[PDB]
Amino acid sequence: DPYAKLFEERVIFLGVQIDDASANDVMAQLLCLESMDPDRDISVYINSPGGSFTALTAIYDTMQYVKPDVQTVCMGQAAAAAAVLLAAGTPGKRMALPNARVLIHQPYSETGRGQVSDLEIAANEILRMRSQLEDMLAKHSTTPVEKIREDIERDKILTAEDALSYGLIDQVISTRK
Amino acid sequence: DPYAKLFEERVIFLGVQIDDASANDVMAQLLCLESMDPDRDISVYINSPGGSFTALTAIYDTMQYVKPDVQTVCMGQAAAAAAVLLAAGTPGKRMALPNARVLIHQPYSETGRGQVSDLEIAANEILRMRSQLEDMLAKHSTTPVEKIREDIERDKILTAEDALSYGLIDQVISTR
Amino acid sequence: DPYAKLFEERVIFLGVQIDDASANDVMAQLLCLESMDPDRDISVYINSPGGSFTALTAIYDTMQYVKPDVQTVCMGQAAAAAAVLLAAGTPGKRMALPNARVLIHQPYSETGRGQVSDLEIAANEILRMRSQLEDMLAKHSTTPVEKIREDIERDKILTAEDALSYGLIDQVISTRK
Amino acid sequence: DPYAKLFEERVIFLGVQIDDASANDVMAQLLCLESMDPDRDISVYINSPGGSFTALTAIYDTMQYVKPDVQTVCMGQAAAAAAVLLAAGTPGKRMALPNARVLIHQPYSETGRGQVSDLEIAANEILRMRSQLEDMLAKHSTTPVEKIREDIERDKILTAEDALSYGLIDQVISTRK
Amino acid sequence: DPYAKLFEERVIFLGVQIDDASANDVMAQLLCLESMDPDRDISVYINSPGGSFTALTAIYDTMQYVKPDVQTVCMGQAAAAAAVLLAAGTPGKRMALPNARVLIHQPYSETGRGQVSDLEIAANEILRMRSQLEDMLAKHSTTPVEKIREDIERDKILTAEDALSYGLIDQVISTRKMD
Amino acid sequence: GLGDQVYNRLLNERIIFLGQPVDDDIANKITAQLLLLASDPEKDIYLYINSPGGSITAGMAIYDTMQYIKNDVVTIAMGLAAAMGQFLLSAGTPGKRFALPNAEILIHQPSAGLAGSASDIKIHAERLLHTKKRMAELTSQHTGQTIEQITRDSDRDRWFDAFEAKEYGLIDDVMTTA
Amino acid sequence: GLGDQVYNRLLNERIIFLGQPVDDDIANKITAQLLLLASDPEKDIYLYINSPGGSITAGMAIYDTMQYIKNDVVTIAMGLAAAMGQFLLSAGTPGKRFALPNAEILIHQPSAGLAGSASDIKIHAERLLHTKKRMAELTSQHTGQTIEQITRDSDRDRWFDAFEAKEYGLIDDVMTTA
Amino acid sequence: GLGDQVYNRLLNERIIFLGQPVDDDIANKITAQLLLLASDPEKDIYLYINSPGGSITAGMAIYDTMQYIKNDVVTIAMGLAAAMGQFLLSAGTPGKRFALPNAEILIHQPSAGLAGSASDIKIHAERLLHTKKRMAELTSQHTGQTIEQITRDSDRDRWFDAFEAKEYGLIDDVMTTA
Amino acid sequence: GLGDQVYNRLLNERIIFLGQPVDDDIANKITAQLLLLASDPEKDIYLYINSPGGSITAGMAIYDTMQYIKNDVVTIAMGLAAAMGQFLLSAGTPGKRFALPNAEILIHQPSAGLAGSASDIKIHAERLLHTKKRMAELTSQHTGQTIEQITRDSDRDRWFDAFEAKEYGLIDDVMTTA
Amino acid sequence: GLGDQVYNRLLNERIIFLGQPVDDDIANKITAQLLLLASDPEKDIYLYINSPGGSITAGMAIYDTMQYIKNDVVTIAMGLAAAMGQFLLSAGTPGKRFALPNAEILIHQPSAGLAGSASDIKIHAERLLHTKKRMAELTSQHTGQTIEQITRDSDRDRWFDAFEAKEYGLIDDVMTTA
Amino acid sequence: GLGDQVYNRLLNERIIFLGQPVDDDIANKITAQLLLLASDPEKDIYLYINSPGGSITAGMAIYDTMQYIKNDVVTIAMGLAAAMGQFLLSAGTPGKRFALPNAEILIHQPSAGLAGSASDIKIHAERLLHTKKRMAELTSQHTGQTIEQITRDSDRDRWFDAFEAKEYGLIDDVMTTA
């Protein structure tokens, strides 16, 4: 089992869309690896589309909560919440593969039927979620907040070099040679 | 698996919805943890979007029964019953991660078609359940019962600082 | 089981549709084999009918990144993205069975409901992806990019000898004397 | 389990339809058996009702590539692709049970909706596939190719003795006495 | 695990529908049992309702091929192909439980839509299949083939002693204590 | 087909049918027919209820129309008159309620279902109590029975033939071969 | 549709059909036709039966309507008359019930499953037994074959053809060419 | 069916029905009938309400047509006037709003759903708030109560019988006989 | 039954309705009605809109038929007029566009989907951009606003009411009473 | 109801509609209408096309019927008029083909599917190729372009507005007002 | 409704249609129309064919009715005449079978399925072979080609245009104009 060996060294691999179960698994893996050694470096590999915002916040807090450094590697794609997870790595060691792409846009939500007051409360919650996502993207990047407001209005697609110029990643790795 | 080793540490994880099966697993784990060592604390991580009321009562009673102090940490979210579980930890140990939320609202339920007497019995039971939830939230927090009664009338979303000012938690951790 | 024995002999076997899970499995196996021995060759066997483009890019980047040489063996068929994996092996170590076949054609995509602007960004992304695929085919073959552009307009079917003349493979297996 | 015991004795069952997974398992077993011993015969037992053409191609090529002789035994039935696999055994080592039947017919196919050019390409490919199949049948049998072309127009059912007289097999085994 | 334990003393259950997987498992077990010891009997227990015909012929050929004697025991019901398999045992070693039943009838078939030539070919194949079934039943019993043809027109249901007089089985076993 | 012509030719003789469970559409049809027939204030209207009840609101629409048109309404129970069908049967003008000799009559309490939050469930439970009490009060008013007798009898179910219903007070007389 | 014109022209001849299983709608339509034809008080109505039966209440409503009008209803059975079909077949005016020669008649006890709570199940079981007894008494009255004999015969399905029905008492004569 | 001719004669008598939930089709139908009857600018138009509510836009279209045709509209609650139904019932011309004695009325705030990106949710939330405010203001204007009174009384479901509605201001009088 | 008669009478006077989503069959029906009423060139035609939008091509066909005839078409918003409903509402003859006091008006860019190979996606993309540009140009022409302002406001899902539409230029007056 | 009457009154003026996708049913209807209108040797027939295309053989039947009769057929394109709709639009009497200004036009090659054995697939392939060649030849003959030009252009989807279609030769003139 | 009226008018003139696959209902309708039109034994009856075939027994009933009456039947193929559409196309009276210039004609052997026991399959296969032989014999008799030639040709699908069918003997002439 290759995944067994990858987790055995330091590697947590995130290749499925972000929902509650996957977030719980990632959190458990991070806590276990921190329990093994609170001074080594954990690696997180992102090849997933977006997902629920609550799971995104849970994983973000979990990475920001432990001592061990988190090295984010983008591969294939990292869209929506996965982009924030990629940008949430410790500075200087957030990297992406040459042909990877990063997609960012504002959260999409769908509430059930309900009275007007319930919809107003839900709308306030959604707006504060969007503002919080904006703040997270601004904190971990070199781009000012207003430019992020302009960018996340619609779908924004960035290449590896474009992401590096944006400040989401620090290095684009080509080959081991 | 990471869950087994986390259990070996002394951490119970509750990231799934609250039903009979999850409550049974949590109660069994709590009993085993108390049996192995009745002095060291038990950590419970909450990431659940609420669930059934009976399972909530069972888990709450089991938590209050055990000798070891139960430290409840909220990460991701804690909605409805999960809020009660988070606030039900031993005082001085309840804590939450920085940008998490706690959502509280009155119970929601539905019943099948039946005569008026059965519907009346069900309505009395649901009112009793809401009152019991009110008392549980009141005694384990700071705000008076009247404000909570006026507050859970609609959905109430509290951030970490809002929960701390509310009294549901005790201190917000950024890093361990 | 035979698959474990093949993996012990540094053979990664790919006979399933290229999606996120299969790509993740292939990437993990490649990383494990590279870690176990960074000098011996790794064999990849292709019997897949194609799949998504993101998994294609991820697998291609990983198989280019590792330091050991990668030998691609086509058999049965190698269609669309799989064909690229057949042509992305190290030069002189790409081969196919006598009766195998190869499919090459431009990407097919589908977008749901959306406003005109979102469809505009989506179409721009699809065109960029098709151009990237054209460049990938041009780099690893012996054919000018204009000829590839004209060829991949519709489905093109290449036999083993046609693939050999096209430059996608280096030699055709005949038998073990 | 009996299947592992027969595998230890260099015996392979093919008792399900010919698809990608079945072909992959069969060829992996063939390669492992060749690597275990390169001069002992390998037995293949056929009880399949047919399958996909590309998987048939891959299995046939793998059978022709391996060094050891391959002995094919048709037990219950061998229809369409299974007949070609049965006839593709090492000459003089092809057998069938007395109450066995072999069914041969031209390939069947269906295509989704598309423009006329795509349909023309698909029709050309299907004609090529039929030509390849009848070439394979003519190569491994004692029947002129035009006779096979005339015969495989419709379903043709052959008993064990009929298959022997057709050249598909070599012996019919009654009892061990 | 009881099934492996009976397999240790050379006993095989055929208690499911007769299809490709069941036939393959049965012949694999038969070949393994022959390889282990070529001169000790093999017991086959039949509790199946029937199945396909190609699997029937494959199992029948495998039973006839192996050197050791095959003793067939009917336990519950043995219908259609199961009746042929029960009658295909070594003569004098075919048994049935006292309240067992054996059902024999001509093959049933169904084909998809097609041109008339394909339908004619399929019908000829089905008639050949029925003739093969008739020959198989006539060979392993003491009844003239004409009576077989008359009988298998519709569902012919036989009890234990009716099958014994009919020639399909050789013995009816009541209890162990009574030998 | 033939149903339209037969129903129209019967309506020309002031006869109305209720041979199906009562809901919004049939309630609208019955109300419209009653209003149309109310053009003549002198002649009376015949009703031929045989149905297993239905919704309360449609039943009260029909009932309010019955007590408003100033015309005498004659109700006849033919098949099964249950739940709200019994209510509409007993809602006719006094002395003009009849049942065929082989009819069945059923009385029981209303039924419904609840869904929502605690507050909405509470409000709907109070409304269900109020409507059940109104049902019992109206039934006790139309029949010669006390409110306590009705609320005790309609706890689960109660079946009547023609003569038992006559003695109870649900109907006025059993009509045969008339 | 041809059915509409043929049914209209047949009803103009005082002929009614019952060619489908009895339910609420066909019972309502047949009752409407009977009441409409009851305007003429000295003519007779011919009713043809070809049906496998239906609900008890609808059949009893049709039976009550047949018994209520002063007109004599001549019943003719063609095809088959089973369960409620034969009950309405035998409900015709005495001396005026007929069956075509190749017609079958079937008799059996009622069957209607019911479920709920224990008390509701008990009440509904009592009601079912009461309806079974009423069915037996009515068919005994209409055939004159005592109650115990009918109860013994109706335990399972029993079949009759023309002459057996005539001698048993279900019908009165077997019609041939008029 | 017969319902078409019954409704046609009722329309000839200047009577309109709304015995079903409000949607685009029934709103177009009611508006068409109102426009057709507005040819005579002297006579009145009677409209019966029996509905559990419907879409806001359709009800507002009906209300605008009622206020536009300069003819008096007499509204009658006939069993249930909920949500938009009670709004249309109170929308009648002053002094010509009535309810039957056994009629149920209720009031509550509108309900809807949200889906889309953040900006779309924002805009639709603003528009829902605005339309809720307009509904409250229109109810306050028609009933004569205070805007805050209606806002506080419509947070949850609130029920009314005929007399409580009359004293509240939803209707003006309760018809009993004529 | 009644609806067909009412619509027939309304069309007989001068009136046309569009109270449903815009698609092929309703577009053909409205085009046929416009062509049929175009026999007399002196009189004008009144059209009412209560619609949440629809397909682009059907709306453009209706618009072209509206402009083709020399008759004057007076468009009246009658509830919700969104997307293509707004486009057809503003397409009336200048000085003859109206909205009732409680009417909702919405403007937004078209929406569609994409599927197929890269070249087909490309071609469909230029076609969608071209039709969006044409819609913006036509809206700017009819409303008197600048094309840039129309694009800015129609990118997102701006709402309106009667008076905001009047000041914007989508309509010419707010119609109240006759 | 109303749509059928409007279509009949339009047919009385020799106007034919070709909305909705073309299939066997609408092809039979159009052929029947053309044959019925052909009773007048010397008049004109107007055809409106708003269809996205459909069956090749049904369009061929319509085209042959159009060419068969002596009457001049004037085709007017409104809406989409794509695929076989375009072909039937271009097949009108020369000098009598028109399109409304805001009318799209699309041209592309036919599409189908393949299933069966190798021989049947082959035969169907030659038949499809022959059909495509015949379509190209007919388009070239009617539009006045060259066969190679038509084949090269109609490989993928190709779009025209009114004026590009006029220049290309698909239509003759663009109608703005009668 | 318009389709029914135009079909009635065409049937009034002389025209009959087969624009849909052949089955029991359509065969019954065409037999009815032919029997009704047979009242005049002088004037000829025109029959247009556009269908992909259908059931064998129904089409042979149509063919028998065609061959049974004394009137002359002129068959006209348009759009498509495949399988038994061709068979009924070739069944017309000699010298009176026509096809439109862009009409396609298909010939192939029948098809069916088998299910049951061995003996039932045997019987069904025998009668399928008999039906195929009868089809080939009738085709040879009507067209003029030999039986063996027809058998060789109708082993797979074969397609014809107008002129190949004319020379082959399937039709008598190609009709271009009137």
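Residues numbered from 1 in each chain as written, not as in the entry; some residues may be left out. Chains lettered and ligands numbered in written order. Part of a larger assembly, values for the part shown. Heavy atoms only, no water.

(A) Inspection of the interface of chain J and chain I at higher detail. The interface is formed by 28 residues belonging to chain J together with 27 residues belonging to chain I. Summed over the three residues of chain J that lose the most area to chain I, namely J:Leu2, J:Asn102 and J:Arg156, the buried surface amounts to 25% of that side. Counting across the chain J and chain I interface gives 2 salt bridges. Note that I:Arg127 and J:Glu104 form a salt bridge whose closest N and O atoms lie 2.5 Å from each other. Those elements giving two or more residues to the side of chain J that touches chain I turn out to be α1 (2-11), β1 (15-19) and β2 (44-50) of chain J. Take the side of chain J that touches chain I: its biggest share by element is 7 residues, from α1(J). For the side of chain J that touches chain I, the per-class residue count stands at 14 nonpolar, 9 polar and 5 charged. (Contact = heavy atoms within 4.5 Å. Buried area = accessible area lost by both parts, 1.4 Å probe. Salt bridge = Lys/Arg side-chain N within 4 Å of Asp/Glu carboxyl O. Helix = DSSP H or I, 4+ residues; strand = E, 2+ residues; numbered from the N terminus. Nonpolar A, V, L, I, M, F, W, Y, C, P; charged D, E, K, R; others polar.)

(B) Quick look at the interface of chain I and chain C. Facing the 19 residues of chain I at the interface are 19 residues of chain C. Where chain I abuts chain C, roughly 1600 Å² becomes buried across the two surfaces, and 58% of that area is made up of carbon and sulfur atoms. Considering only the surface of chain I that becomes buried against chain C, I:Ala112, I:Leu114 and I:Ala118 emerge as the three largest contributors, covering 30% of it. Our enumeration of links across chain I and chain C arrives at 0 salt bridges.

(C) A look at the side chain of B:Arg101. You can see B:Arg101 is positioned in strand β6 (residues 101-104). Side-chain polar atoms of B:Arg101 contact the side chain of B:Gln77, separated by 3.3 Å. What B:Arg101 contacts, discounting residues up to four positions off in sequence, is A:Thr54, A:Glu125, A:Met129, B:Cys74, B:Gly76, B:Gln77, B:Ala78, B:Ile157 and B:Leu158. (Polar contact = N/O pair within 3.5 Å; in protein donor to acceptor, adjacent residues only side chain to side chain.)

(D) Representation of the relation of the copies chain J and chain I. The transformation that overlays chain J on chain I combines an axial shift of 0.1 Å with a rotation of 51°, and the residual RMSD is 0.3 Å. A share of only 4% of the interface residues of chain J reappears at the interface of chain I, consistent with the copies meeting through non-equivalent patches. (Least-squares fit on C-alpha atoms.)

(E) Up close: the packing of helix α2 (residues 24-37) of chain J against helix α1 (residues 2-13) of chain K. Running from N to C, α2(J) and α1(K) cross one another at 50°; their axes reach a closest spacing of 10 Å. Viewed along their axes, α2(J) and α1(K) adopt a mutual orientation that is oblique. Note that α2(J) runs across α1(K); the crossing there is left-handed. Residues J:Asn28, J:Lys29, J:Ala32, J:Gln33 and J:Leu36 of α2(J) form the contact with α1(K), whose participating residues are K:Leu2, K:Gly3, K:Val6, K:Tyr7, K:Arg9, K:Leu10 and K:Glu13. Across the contact of α2(J) with α1(K), the residue classes break down as 6 nonpolar, 3 polar and 3 charged. (Axes fitted to C-alpha atoms, helices over the stretch in contact; angles between N-to-C directions. Parallel < 35°, antiparallel > 145°, perpendicular 65-115°, else oblique. Left-handed = near helix turned anticlockwise from the far one by under 90°.)

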